[PDB]
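Peer 1: any chance you can model this:
(one chain, ligands or ions: 1)
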Amino acid sequence: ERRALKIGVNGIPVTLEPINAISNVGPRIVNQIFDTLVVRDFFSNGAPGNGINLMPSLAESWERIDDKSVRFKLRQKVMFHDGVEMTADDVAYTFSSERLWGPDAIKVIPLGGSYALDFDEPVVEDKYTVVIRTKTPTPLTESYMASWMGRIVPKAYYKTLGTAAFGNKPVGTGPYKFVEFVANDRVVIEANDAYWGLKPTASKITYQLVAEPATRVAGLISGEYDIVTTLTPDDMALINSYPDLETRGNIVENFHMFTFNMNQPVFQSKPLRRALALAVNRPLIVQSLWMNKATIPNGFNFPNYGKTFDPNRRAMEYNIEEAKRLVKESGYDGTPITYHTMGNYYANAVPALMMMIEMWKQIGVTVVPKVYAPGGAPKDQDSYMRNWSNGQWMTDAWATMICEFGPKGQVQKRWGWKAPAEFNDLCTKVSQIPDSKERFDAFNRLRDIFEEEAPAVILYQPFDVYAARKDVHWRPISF
Ligand SMILES: O=P(O)(O)O[C@@H]1[C@@H](O)[C@@H](O)CO[C@H]1O
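Peer 2: Numbers count the residues shown, from 1 in each chain. Below is the structure in question.
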């Protein structure tokens, strides 16, 4: 009746602390260990899996009091996995200056400095009532609490261990509890029958790293795995020819890209970055590797942004004449430039890289692939080009143009992008006005600067495919 699930995955997070696990591979595991205050209804307003109405979870009800403050009334008798009852103190700690957004917290949780809202300290009104506050107005509080930033941690236990040690022995309120974590290999979680919500339907879940997608496909076919992730459209015909197996695929609110270590002199200025960007023939990559199912967005611009999505925005540019002109202008001396990829952690990362190496050879740039195994990522000083992705995790263009590429983000801080002052001033402005034609035009100006500066280059939104046994009716891969 409750089976032990075996999931063959593309990767394993570096930790199970819920914010530090934010990645393509962490949420599928941490969403089973932890809960949020509220959850998105992915099928509200007729949406086919990307709906946005908010529904109760750890909070049974909530009331926006003013433009800076939201009161949450918590469920009672919710138990953390170690038997401690969750209270307003735990929720307050989760969004506190100490743990999340203060100066010392940002050292151990870097996304607390860039992915946090402009929080002020939560207020605990009573055992089951907490008020989440912001120092400046924002309408995003409630939806933020359904996001990957909103997973609730146990104050006493987390504070005692600290962020890093908690990530190796996580305790949450979710339907599965931690058993084991072997870095670069596996995570095992087991049913928590003390869960406040629906009883878990699997006895145990094992997430096993299977680096190569053909090995994942073969393991599904042999019964070694019940579910496998991160496949491509090319795998679908073979899998679906087995009557006991099936695939599912769709465009995800995430883009694959490549980016630069702009602390390196070779990438300290925009010309060679933009040269590499203008030489990418995205329709050809999409045709050869994605069966024309991946979609190319019109800039850093996605429909989930709603009022800040521009459906009429122009396409991103492909111009090898300008690319060649920019290589010569940069003074590039033929010095090999590495491009680091952790295998096919991103679907089709290595075949797309090989096609782009040919494109860059045509404009006079020598790019060398540096394919590393999980756990072998280079030190920042040895990193030049690398691949990446960004999940568009809010119904607002603030994510990820601002939270990743803005003045508080990692692209400018860790990776050294010296953005124009106009860019950082507009990032500040859009975070102070409601949705209007003015806010709409400011995001389009940020998009234009992004394309001119090329701190990163958007490739496409992947057509994400997973596969499973038909008789496995619940799949904890957060698709
Ligand atoms: O590409 P990953 O690093 O696995 O995940 C990224 C995160 O780093 C952050 O950018 C949010 O989007 C994910 O896709």
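
Peer 1: how near is the residue nearest to the spatial centre of the chain to the ligand?
Peer 2: Most central in the chain under C-alpha atoms, centre = their mean is residue 391, positioned 4.1 Å from the mean C-alpha point. Plainly put, residue 391 is 4 Å away from the ligand if you go by C-beta to the nearest ligand atom, to the nearest Å. Just so you know, the C-beta spots here come from the backbone N, C-alpha and C atoms, and that holds for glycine as well.

Peer 1: what's the distance between that residue and residue 27?
Peer 2: 9 Å (C-beta to C-beta, to the nearest Å).

Peer 1: ok, longest helix in the chain?
Peer 2: Using DSSP state H, we find that the single longest helix of the chain is helix 437-453.

Peer 1: quick one, strands of the stretch 251-400 of the chain?
Peer 2: With DSSP state E, counting those that start in this stretch as the criterion, the stretch 251-400 of the chain has strands at 254-260, 337-341, 367-371, 385-391.

Peer 1: adjacent strands (with direction) for the second one?
Peer 2: Looking back up the chat, that one is strand 337-341. Strand 337-341 sits in its sheet next to strand 367-371 (parallel), strand 385-391 (parallel), going by DSSP bridges.

Peer 1: quick check: chain neighbours aside, which residue is closest to residue 477?
Peer 2: Spatial nearest neighbour of residue 477, excluding adjacent residues (C-beta to C-beta, 6 or more residues apart in numbering): residue 28 at 4.9 Å.

Peer 1: ok, residue 149 next?
Peer 2: residue 115 (5.6 Å).

Peer 1: wouldn't the one you found be in contact with residue 144 here?
Peer 2: No: taking contacts as C-beta atoms under 8 Å, residue 115 lies outside contact range of residue 144: 9.2 Å.

Peer 1: rewinding a little: single out the most deeply packed of the strands paired with strand 337-341.
Peer 2: Each of the strands paired with strand 337-341 was scored by mean neighbour count; the highest is strand 385-391, a mean of 20, by mean count of other C-beta atoms under 10 Å.

Peer 1: what does that strand contact?
Peer 2: Strand 385-391 is contacted from outside by 24, 252-261, 276, 337-341, 346, 349, 353, 367, 400, 404, 456, using C-beta atoms under 8 Å, 6 or more residues apart in numbering.

Peer 1: I'd like to know which of the residues you listed are buried.
Peer 2: Buried members of these, counted by 16 or more other C-beta atoms under 10 Å: 24, 252-261, 276, 337, 339-341, 346, 349, 353, 367, 400, 404, 456.

Peer 1: out of the residues you listed, who's near the ligand?
Peer 2: Among these, proximity to the ligand is found for 24, 254, 404 (C-beta under 6 Å from any ligand atom).

Peer 1: give me the phi and psi for the last one.
Peer 2: Recorded main-chain torsions at residue 404 are phi -100, psi -40, according to degrees, to the nearest 10.

Peer 1: contacting residues for it?
Peer 2: Counting by C-beta under 8 Å, 6+ apart, residue 404 touches 114, 390, 410, 411.

Peer 1: tabulate these in JSON lines, adding columns for distance to residue 237 and secondary structure.
Peer 2: Shown next, in JSON lines, are the contacts of residue 404 (distance: C-beta to C-beta, whole Å; DSSP: H, G, I helix; E, B strand; the rest coil):
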{"residue": "114", "distance to residue 237": "42", "secondary structure": "helix"}
{"residue": "390", "distance to residue 237": "30", "secondary structure": "strand"}
{"residue": "410", "distance to residue 237": "39", "secondary structure": "helix"}
{"residue": "411", "distance to residue 237": "39", "secondary structure": "helix"}
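
Peer 1: beta partners for the one residue in the stretch 151-300 of the chain that gets nearest to the ligand?
Peer 2: Nearest to the ligand in the stretch 151-300 of the chain, going by C-beta to the nearest ligand atom, is residue 254, at a distance of 5.4 Å. Residue 254 forms beta bridges with residue 391, as assigned by DSSP bridges.

Peer 1: tell me if I'm right that it and residue 460 touch.
Peer 2: No: contact criterion C-beta under 8 Å: residue 254 and residue 460 do not qualify, at 10.3 Å.

Peer 1: identify the contacts common to these two.
Peer 2: With the criterion set as C-beta under 8 Å, 6+ apart, the contacts of residue 254 and residue 460 do not overlap.

Peer 1: quick one: residue 103 from residue 19, how far?
Peer 2: For residue 103, the distance to residue 19 - C-beta to C-beta - is 16 Å.

Peer 1: how about residue 89?
Peer 2: Distance of residue 89 to residue 19, computed by C-beta to C-beta: 19 Å.

Peer 1: how about residue 214?
Peer 2: In this view, residue 214 and residue 19 are 33 Å apart by C-beta to C-beta.

Peer 1: these two: who's more crowded?
Peer 2: Neighbours per residue (other C-beta atoms under 10 Å) separate residue 214 from residue 19, with residue 19 holding more: 26 against 10.

Peer 1: residues in contact with that one?
Peer 2: By C-beta under 8 Å, 6+ apart, the contact list for residue 19 reads 100, 109, 111, 112, 115, 148, 149, 151.

Peer 1: would you convert the residues you listed into a markdown table that also reports secondary structure and distance to the ligand?
Peer 2: Shown next, in a markdown table, are those (DSSP: H, G, I helix; E, B strand; the rest coil; distance: C-beta to the nearest ligand atom, whole Å):
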| residue | secondary structure | distance to the ligand |
| --- | --- | --- |
| 100 | helix | 17 |
| 109 | coil | 13 |
| 111 | helix | 8 |
| 112 | helix | 14 |
| 115 | coil | 8 |
| 148 | coil | 8 |
| 149 | coil | 11 |
| 151 | coil | 15 |
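
Peer 1: relative to residue 432, how far out is the nearest residue to residue 374 once chain neighbours are set aside?
Peer 2: Take residue 374 and drop its neighbours on the chain: the residue closest to it by C-beta to C-beta, 6+ apart is residue 184, 4.1 Å away. Going from residue 184 to residue 432 by C-beta to C-beta gives 43 Å.

Peer 1: neighbour count winner among the two?
Peer 2: Just comparing residue 184 and residue 432: by other C-beta under 10 Å the higher neighbour count belongs to residue 184, 13 against 10.

Peer 1: and that one, backbone torsions?
Peer 2: Torsion angles at residue 184 (phi, psi; degrees, to the nearest 10) stand at phi 60, psi 20.

Peer 1: same thing with residue 45?
Peer 2: Backbone torsions of residue 45, given as degrees, to the nearest 10, read phi 50, psi 40.

Peer 1: and it, how many residues sit next to it?
Peer 2: For residue 45, the tally of surrounding residues (other C-beta under 10 Å) stands at 8.

Peer 1: quick one: it and residue 306 touch, right?
Peer 2: No: the pair residue 45 / residue 306 is not scored as a contact, 11.7 Å apart, by C-beta under 8 Å.

Peer 1: how about the residues of this structure near the ligand?
Peer 2: With the criterion set to C-beta under 6 Å from any ligand atom, the chain comes near the ligand through 22, 23, 24, 254, 388, 389, 390, 391, 404.
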